[PDB]
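Before any questions on how it binds or moves, here is one chain, the form deposited in one PDB entry, in structure tokens.
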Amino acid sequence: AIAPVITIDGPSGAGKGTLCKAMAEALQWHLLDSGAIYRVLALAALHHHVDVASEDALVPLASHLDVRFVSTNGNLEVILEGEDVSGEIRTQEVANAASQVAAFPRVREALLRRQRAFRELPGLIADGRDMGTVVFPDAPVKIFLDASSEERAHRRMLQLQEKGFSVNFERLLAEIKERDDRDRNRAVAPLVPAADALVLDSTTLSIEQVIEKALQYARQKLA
């Protein structure tokens, strides 16, 4: 077959970015943070004064999106039109806009080739919502990482508190349920586990346990 792919799909703040990175490093494979692409698209829209409420306006922006990634240094660098926007795209505001633009079918379609371009040997670890169901349906290894909304909001609260940012549980939880609801209820490419995906309920599993479980499954399936 062509290059193998390990997909990691799941709700917001489920630890997909962390797990994807750890696996790609352990296996020495390529990585794809798909969510980062929707976030950069949303950011580009604000900069270029594109109406996020209009699918017609967003299609051109998506079709000609100039986004690139750089890593293998300890963290992922997201580049928009030649500028590092790694930090700028990690906010609730951008996340919200990314989820809104992601609901448009024509926009998602315009981004398919770009994502699928990431499949290269020796392999690709793809993190997102519809990686195992729409972007890479023939993936030999599909993982669906999940955890309760309450736990996922709690983990985010602690991450922001470490950095000294103002937050309160009620908002973070509401924000998370709001975004996940949209992603799971949209008519096209909704967040849903692939029939053949291994579901990892990590509410009470540590980071290292998840990594160990995900790697065992992939190695058995791939070899």
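Heads up, when I say rigid core I mean the largest set of C-alphas that superpose within 1.5 Å between the two forms. Residue indices: 1-based, along the sequence shown.
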Average Cα temperature factor in the PDB entry - higher stretch of 120-128, 67-75: 67-75
Which has higher Cα B-factors on average according to the PDB entry: 76-84 or 107-115? 76-84
From the list 45, 59, 197, 158, select the residue with the highest C-alpha B factor recorded in the entry. 197
In terms of CA temperature factor as recorded, identify the highest of 41, 26, 189, 50. 26
Would you mind ranking residue 31 by its C-alpha B-factor against the rest of the chain and naming the third, lowest, middle or highest? middle
The third of the chain into which the C-alpha temperature factor of residue 148 falls is the lowest
Ranked against its chain, the third holding the CA B-factor of residue 172: middle
Among modelled residues of the same chain, the CA temperature factor third for residue 201: highest
Taking the chain's C-alpha temperature factors as the reference, tell me which third residue 212 falls into: lowest, middle or highest. highest
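Another form, the form deposited in another entry, is not on view; read the next lines as being about it.
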Per-residue C-alpha change between the shown form and the other one, residue 107, threshold 2 Å, rigid core fit: yes
Look at residue 41 and decide if its Cα position differs by 2 Å or more between the shown form and the other one after superposing on the rigid core. yes
C-alpha of residue 62: shift of 2 angstroms or more between the shown form and the other one, rigid core aligned? yes
Looking in the other form, decide if the C-alpha atoms of residue 210 and residue 70 are closer or farther than in the form shown; they differ by 3 Å or more. closer
Might you say whether the CA atoms of residue 19 and residue 70 end up closer or farther apart in the other form than in this form? Their distance differs by 3 Å or more. closer
